[PDB]
Ligand SMILES: C[n+]1cc2c3c(ccc2c2ccc4cc5c(cc4c21)OCO5)OCO3
Ligand SMILES: C[n+]1cc2c3c(ccc2c2ccc4cc5c(cc4c21)OCO5)OCO3
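Numbering (UniProt numbering), first residue to last: 22 to 596.
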């Protein structure tokens, strides 16, 4: 028989092959950093220094023949293409008319972006996240933010994955106009300009390739030379652990929506939709797309953008066109892909889209039932309430009244139910609506007892400015505090108030607050009671479930309350 091939491990890239080529120690344009191949190029060198070499080689993966070729004397390179990622035991055999002889088996890795080469992720979840057996029909969603791996020190293996159905990854930018990104300061705008170098306008890109696929996470077993690292390799390993989990890229958001206003021109929609198809072919762990345009008709970060006439029909066309494209991917792959969108729920945001037309293309609408009131001005109110609070004036709730100046309200007040009922009354099906819960508070200072028109209710006061604090307190921006910061610095373990704060609850609105009457610090948030009220409301109206912004800010209490409030319930999944 021929001499058995001896595999040259270092001549064959120690048997590590990848379908994706990712640049590693540089930051450049997206199309220069990311190159995906439908088939991996496998090149394995072997030698046969003694004896006869034979005529032909065969390569086996786990005892199955996957390639064959000619022997070339004493040193041969087996070259072939392979599609399916995984870890395989490889043997190389040499054959001639006298017989065949085979190398010892050795493990070969073919990396792919579905995580097929990876073991299930090792988790490190805060144990205050509890176990539930919520029915698998109900949505339990959250947003994981790409930058939460920095100061917030919250990584993919911290997520309480068994308590989630959907993880929306915030956020994928669109190349083009992006002045709003400069409002976050720091290097966000410049990092986008780098990502977009050599990329056509209106195509998606990864904003932070260090966080997405370059950073080595030791908890995930990453080495500097591992071919895919970052949050994305951890999400691929998480999908191996929990295969029914849906992980969906969220495109846009508050700071990244400026390009959507040019989608009134179909040519820019076509560029965008094609780039999303390419993105989902490149990054296989993703299960759909979420469109967070804030907002059709304007009222978002860009004060000079928004067209009430034209943006709704553009949004609807976008959804139509994305569902055509996702149907093409479903034909090509055999997979199911979801199309979702997070939307404003103030009456003035809902009126700018005919959701009765859009929702036929969509699996879910994530209703942004939060940010109703906040530190952008000095008017207290409930930022995430279901219903109208005690603080509101007569006729403010339904918008028939007049304000303190005598001027008509322009529409119903900002509450979750006023927006959910506007959506239901136009025919959006309840079982496509997902209710938002806040894992943060918004707040003010200067709300001292002398400013209250009703002494029992601090939401009748007036502020002097935004809540101030430090990042150790969960205050990453003035006026906004992580829930886990409110619990550590204002509520305490028994939920009865520490550090000079008192807890209160507006039972009409279903909304909690903490108030320090000495500093005038007042914070509006969601807590166990108000999240149980949202779950009861969702069960009552047959909504699809609940989601939250943002998972790094919880300590487990808010996601536990989301499950607790949904106990016993089931829903019909959208078809
Ligand atoms: C995109 N980034 C990169 C960062 C970063 C840091 C620290 C903070 C950030 C950051 C903080 C807040 C952000 C907020 C954002 C954002 C991006 C960021 C953001 O885009 C959407 O709104 O050290 C390395 O790189
Ligand atoms: C000014 N801002 C910044 C935001 C923001 C976010 C998320 C939401 C907001 C936001 C939401 C509602 C708002 C409503 C407003 C406003 C500002 C905002 C507002 O000014 C007038 O009424 O992550 C980046 O930064």
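Backbone N, C-alpha and C fix where the C-beta goes; we use that ideal spot for every residue, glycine too.
So is the beta-carbon of residue 405 under 8 Å away from any non-hydrogen atom of ligand 2? No; taking the cut-off as 8 Å, the Cβ of residue 405 has no heavy atom of ligand 2 nearer than that.
Considering only their Cβ atoms, is the gap separating residue 536 from residue 173 smaller than 9 Å? No, they are not a contact pair.
In terms of residue numbering, what span does the beta strand (DSSP E) encompassing residue 117 cover? First-last of the beta strand (DSSP E) with residue 117: 107–117.
Heavy atom of ligand 1 less than 8 Å from the Cβ of residue 311, yes or no? Relative to ligand 1, the beta carbon of residue 311 is positioned no closer than 8 Å to any heavy atom.
Alpha helix (DSSP H) segments (min. 4 residues) lying fully within the segment 329–373: Correct list: 332–354 and 368–371.
With which residues is residue 217 paired in a DSSP beta bridge? Residue 217 pairs with nothing; no bridge assigned.
Return the CA-CA distance between residue 141 and residue 149, expressed in angstroms with no decimal places. Cα to Cα, residue 141 sits roughly 22 Å from residue 149.
Does the distance from the CB of residue 405 to the CB of residue 457 come in under 9 Å? Yes, these two residues count as a Cβ contact at 9 Å.
Write down the C-beta distance between residue 82 and residue 109 rounded to the nearest angstrom, noting that I regard them as a contact closer than 8 Å. Between residue 82 and residue 109, the beta carbon gap of about 4 Å places them in contact (Cβ cut-off 8 Å).
Over what stretch of residues does the alpha helix (DSSP H) that includes residue 441 continue unbroken? Its alpha helix (DSSP H) spans residues 437–446.
3 or more residues per run - each beta strand (DSSP E) lying fully within the segment 43–106: The qualifying runs are 55–57, 61–68, 77–82, 85–91 and 96–103.
Residue 255, DSSP secondary structure in three states: Judged by DSSP in its simplified three-state form, residue 255 adopts helix.
Answer yes or no: the CB of residue 176 versus the heavy atoms of ligand 1, is any distance below 8 Å? Judged by the Cβ position, residue 176 fails to qualify as a neighbour of ligand 1 at the 8 Å threshold, every heavy atom of the ligand being at least this far.
Return the chain-ordered list of same chain residues with a C-beta closer than 6 Å to the C-beta of residue 155, the five sequence neighbours on each side being excluded. Counting only Cβ-Cβ distances below 6 Å, and skipping sequence neighbours, we find 584 and 587.
In chain order, what residues of the same chain lie with their CB nearer than 7 Å to the CB of residue 89, ignoring the 5 residues before and after it? Excluding positions up to five away in sequence, the list reads 77, 78 and 79.
Quick one: using the 10 Å Cβ neighbour count with 16 as the cut-off for buried, is residue 199 buried or exposed? When all chains shown are included, residue 199 counts as buried.
Note down the Cα distance separating residue 378 from residue 335, rounded to an integer number of angstroms. So the alpha carbons of these two residues sit roughly 12 Å apart.
Would you identify the three-state DSSP class for residue 168, choosing helix, strand or coil? Reduced to three states, the DSSP call for residue 168 is helix.
Whole-Å CB distance - residue 240 paired with residue 147, under 8 Å assumed: Not a contact, Cβ separation roughly 14 Å.
When you measure from the CB of residue 211 to every non-hydrogen atom of ligand 1, does any distance come out below 8 Å? No; taking the cut-off as 8 Å, the Cβ of residue 211 has no heavy atom of ligand 1 nearer than that.
Straight-line gap, residue 470 to residue 358 (C-alpha atoms, nearest Å): Those two C-alpha atoms are separated by around 53 Å.
Would you grab the beta carbon distance between residue 396 and residue 465 for me? Rounded to a whole angstrom, and I think it's under 8 Å. At roughly 6 Å, the Cβ-Cβ gap stays under 8 Å, so residue 396 and residue 465 are in contact.
Can you give me the Cβ contacts of residue 317 inside the same chain, cut-off strictly under 6 Å, excluding the 5 residues immediately before and after it? Its chain contains 332, 333, 336, 373 and 374 as the residues whose beta carbon lies nearer than 6 Å to that of residue 317, once the 5 sequence neighbours on both sides are disregarded; these appear in chain order.
Can you pull the DSSP bridge partners for residue 466? Beta-bridge pairing links residue 466 to 486.
Can you look up residue 133 in the DSSP assignment and give me helix, strand or coil? In the structure shown, residue 133 sits in coil (DSSP, three-state: anything other than H, G, I, E or B).
Checking 9 Å against the spacing of the C-beta atoms, do residue 556 and residue 452 come in under that value? Contact: no.
So is the beta-carbon of residue 192 under 8 Å away from any non-hydrogen atom of ligand 1? Answer for residue 192: yes, Cβ within range of ligand 1.
Can you give me the Cβ contacts of residue 30 inside the same chain, cut-off strictly under 8 Å, excluding the 5 residues immediately before and after it? Exclusion of the five residues before and after residue 30 leaves 36 and 127 as the residues of its chain whose Cβ lies within less than 8 Å of its Cβ.
Within the chosen definition, does the segment 238–255 reach the segment 278–286 through at least 3 CB pairs nearer than 8 Å? Contact between the segment 238–255 and the segment 278–286 is absent, because fewer than three Cβ pairs lie under 8 Å.
In angstroms with no decimal places, state the Cα-to-Cα distance between residue 277 and residue 222. For residue 277 and residue 222, the distance between alpha carbons rounds to 14 Å.
For the alpha helix (DSSP H) that contains residue 473, what are its first and last residues? First-last for residue 473: undefined, no H or E at that position.
Considering only heavy atoms of ligand 2 and the C-beta of each residue, which residues fall inside 5 Å, strictly closer? In chain order, the hits are 275, 392 and 397.
List the endpoints of the continuous beta strand (DSSP E) containing residue 458. Segment 454–459, the beta strand (DSSP E) holding residue 458.
Buried or exposed (CB count within 10 angstroms, at least 16 for buried), residue 33: Counting every other CB atom within 10 Å of its CB across the protein chains shown gives residue 33 a total of 16 or more, marking it as buried.
Option nearest residue 100 by Cα separation, candidates 254, 524 and 65: Among 254, 524 and 65, the Cα nearest to that of residue 100 is on 65.
Alpha carbon to alpha carbon, how far is residue 548 from residue 273? Approximately 27 Å, taken between the alpha carbons.
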